[PDB]
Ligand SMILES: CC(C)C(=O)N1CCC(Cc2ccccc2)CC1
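The form solved without the named molecule is given below as one chain in structure tokens.
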């Protein structure tokens, strides 16, 4: 049981060993396509690639490659697309993916600039009157509105397929205070944000998989998805004790390498799930508590 295991690991201060164990046992699959010479400039990091078997393929004949993985959690019955922060030359591909995969939500866990460096291209319009057109993929993207909170922002976007003139609303959830290689300020601020994403309907099985990204699309993205999936599993069974966090993380790592980057992010995952379990099992007060503790106002 997660709560007992957590306290046991904390008492012996062996989170490093636990996390390293996961790295040791993690799946290893080929990333041949990602490593093709013609795709070098489509990758933000040399050492972070999507496995061939689970990679998202763009629906084009030229080059179908994007650094993005489909994490399909069979048991939980929810899927995520984890991807790197788009590059100046892959913003068109990013939005093509969103369109083709029928995603309704995009979760961004990083800032464009972190620690003096550019972790992600400016891939969405910052102003209503200045829409973006991606000529290579024939898509238009307009900022419709934004709801700015203290540590996160929610944007409404309109994505248009210029070829068919079909239009779709995309919800953009931007967590701006989650440090790279770090953890959220508190389980409360994290859960508050996760529930914002959930309550938008972006995770519904009626839509395509939500798109989740940070810079590399494995550390913070992995942490976010592990917590959500664990809460879902627990929800479906209404039994918190039935969820094996490490086993779920290992399952997720079958679909993309390196999910969750530090031992403390793993530890934080436990915190988030243990606290979130209160809502799952019928506590009607914790949701407001989190909102207050998060100081989103």
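Numbering follows the first chain given and starts at 1.
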{"query": "Higher-scoring stretch by recorded Cα B factor average, 200-208 or 103-111", "finding": "200-208"}
{"query": "Per the entry, higher mean C-alpha B factor between 49-57 and 22-30", "finding": "22-30"}
{"query": "Member of 69, 43, 229, 242 with the greatest C-alpha B factor (per the PDB record)", "finding": "242"}
{"query": "Chain-relative CA temperature factor third for residue 38", "finding": "highest"}
{"query": "Where the record places residue 149 (Cα B-factor, split into thirds across the chain)", "finding": "highest"}
{"query": "Third of the chain, ranked by Cα B-factor, where residue 162 sits", "finding": "highest"}
{"query": "Third assignment of residue 116 from its chain's C-alpha B-factors", "finding": "middle"}
{"query": "Record-listed C-alpha B factor of residue 85: chain third", "finding": "lowest"}
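The following text describes the form deposited with the named molecule bound, which does not appear among the structures shown.
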item: Placed ligand check: the named molecule in the bound PDB entry, overlay by site C-alphas, backbone/C-beta within 2.4 Å; value: blocked
item: Heavy atom of residue 191 within 4.5 Å of the named molecule in the bound PDB entry; value: yes
item: Close approach of residue 231 to the named molecule in the bound PDB entry, 4.5 Å, heavy atom; value: yes
item: Partner contacts for 196-211, taking the named molecule in the bound PDB entry and a 4.5 Å heavy atom cut-off; value: 198
